[PDB]
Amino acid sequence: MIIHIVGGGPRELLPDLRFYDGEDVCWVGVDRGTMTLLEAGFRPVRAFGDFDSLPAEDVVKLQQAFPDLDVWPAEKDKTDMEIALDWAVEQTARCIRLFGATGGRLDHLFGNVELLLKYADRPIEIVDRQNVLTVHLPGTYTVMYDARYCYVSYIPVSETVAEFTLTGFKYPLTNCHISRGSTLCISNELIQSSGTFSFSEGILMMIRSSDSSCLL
């Protein structure tokens, strides 16, 4: 099972959700992200937020389409994405992806990254038309060739990240010691069909991205 949560960030930043759809995918709406789901003809198994966050005409379209929708109201001192994710991480999904979680007010993106950090031991991705962002605890992880992304960047979240090691990339790294501030960001490119990154200590962010140029 895979859980795809669609929040209410700027809409031009969303990928085409049809390419993220599949029979193991359960869709969840957050704020006006629910309207995006309706437009794709997907039924959210669940939605989170208040209806004040949608235009009146949109609420009419939503309740018309799904009169029985299970909506969970906004909670004090928590964002709608947070309550959605708090629930999602209890469902034993193989992967959770957050869409509509980037762009606009930067405190939203950064708050969302803090959620990934809070749940660093869970498989959660932030995804937009140009990026997939993930955070990781020590271990060994795979990276598979993906047409959507040419660039890979690693950024230390913890003060240090020990024994950082890459296989399959343009620039090789083996047992590299990483200190935040001294190492700002490591840029690289998956050259082989697949590769790994691993580290023994700390907390590490990976961003795989693309841009207009990325069409090699």
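In this text, residue numbers run from 1 along the sequence as written.
>> Highest mean C-alpha temperature factor of the two stretches 125-133 and 92-100, which is it?
In response: Going by the record's values, the stretch with the higher mean is 92-100.
> Taking only the CA atoms, which stretch has the higher mean B-factor in the record, 80-88 or 67-75?
Replying inline: The stretch with the larger mean CA B-factor is 67-75.
> Looking at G181, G168, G49, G33, which has the biggest Cα B factor in the entry?
Replying inline: Of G181, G168, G49, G33, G181 has the highest C-alpha B-factor.
> Going by what the PDB entry lists, where does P44 fall on CA B-factor within its chain: lowest, middle or highest third?
Replying inline: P44: CA B-factor falls in the middle third of its chain.
>> Using the temperature factors of the C-alpha atoms in this entry, rank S158 within its chain: lowest, middle or highest third.
In response: For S158, whose C-alpha B-factor we compare with every modelled residue in the chain, the answer is the middle third.
>> Quick check on the deposited entry: does the C-alpha B-factor of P15 sit in the lowest, middle or highest third of its chain?
In response: CA B-factor rank for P15: lowest third.
> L62's Cα B-factor: lowest, middle or highest third of the chain?
Replying inline: Within its chain, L62 is a middle-third residue by C-alpha B-factor, going by the deposited values.
> Is the Cα B-factor recorded for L37 in the lowest, middle or highest third of its chain?
Replying inline: As the PDB entry reports it, the C-alpha B-factor of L37 lands in the lowest third of its chain.
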